[PDB]
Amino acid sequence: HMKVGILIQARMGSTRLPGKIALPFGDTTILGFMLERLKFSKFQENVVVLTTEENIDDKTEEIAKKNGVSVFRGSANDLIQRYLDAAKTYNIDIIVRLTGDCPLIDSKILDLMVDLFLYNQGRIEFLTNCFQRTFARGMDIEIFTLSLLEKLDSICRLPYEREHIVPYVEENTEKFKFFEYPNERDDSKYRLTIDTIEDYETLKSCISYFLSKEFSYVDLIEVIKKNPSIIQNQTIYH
């Protein structure tokens, strides 16, 4: 009965490293690489890129269209409104919130988290793997109901809350049907999001050890563990 949507927020004018989603990455762009990885999700048919109406994000729309996913163009700084508009537009009941600085997101982890959410319908309204952090940065996945998002839209007036969506949930967990999803070990010391040039260099080194874009998260950590010099956004100690 429930429609799951993977709603990826991305924009060219990002606060950190503006333009990064359009950087060359493998045979595509940073954002295009992410979309190709999400094509392997069992929920791939309802992927939408949520970006702004500013002219610069014609590039974001272009990248999404090249990858055959839908595009929603809305509020630049009110992400609650952008996600609520998109979810209503596409009749989404369960929102999988991703951001375009996570190009190596693993669709198998996403699918497991959605499966857990759906199996507990009515006992969970918010599932995250990035409150407590045991995955590398850049695997961040948050899942919540349209109903929860509507409660946040009604409750939250602060600009920080409107821009980041989840902060009120994270600081008031006992007010929600809140649950967390762990990694099997603590990989939080690894940073696999793109906010700096050093992140980019690290991520470029990562994908060079795999022949396709279908590699899993655990494959990636094992390659980093075997080739510690992949990590260029953090000092390496032997």
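Start at 1 and count along the sequence shown; that's the residue number.
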Could you check which stretch, 149 to 157 or 98 to 106, carries the larger mean CA temperature factor in the entry? 149 to 157
Pick between 205 to 213 and 27 to 35: the one whose mean CA B-factor in the entry is higher. 205 to 213
Looking at the C-alpha B-factor of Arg11, is it in the lowest, middle or highest third of its chain? lowest
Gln121: CA temperature factor from the record, placed by chain third, in the highest
Please place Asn172 in the lowest, middle or highest third of its chain by C-alpha B factor as given in the entry. highest
Splitting the chain's C-alpha B-factors into thirds, which one does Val69 fall into? highest
Entry-reported C-alpha B-factor of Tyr190 relative to its chain, by third, is highest
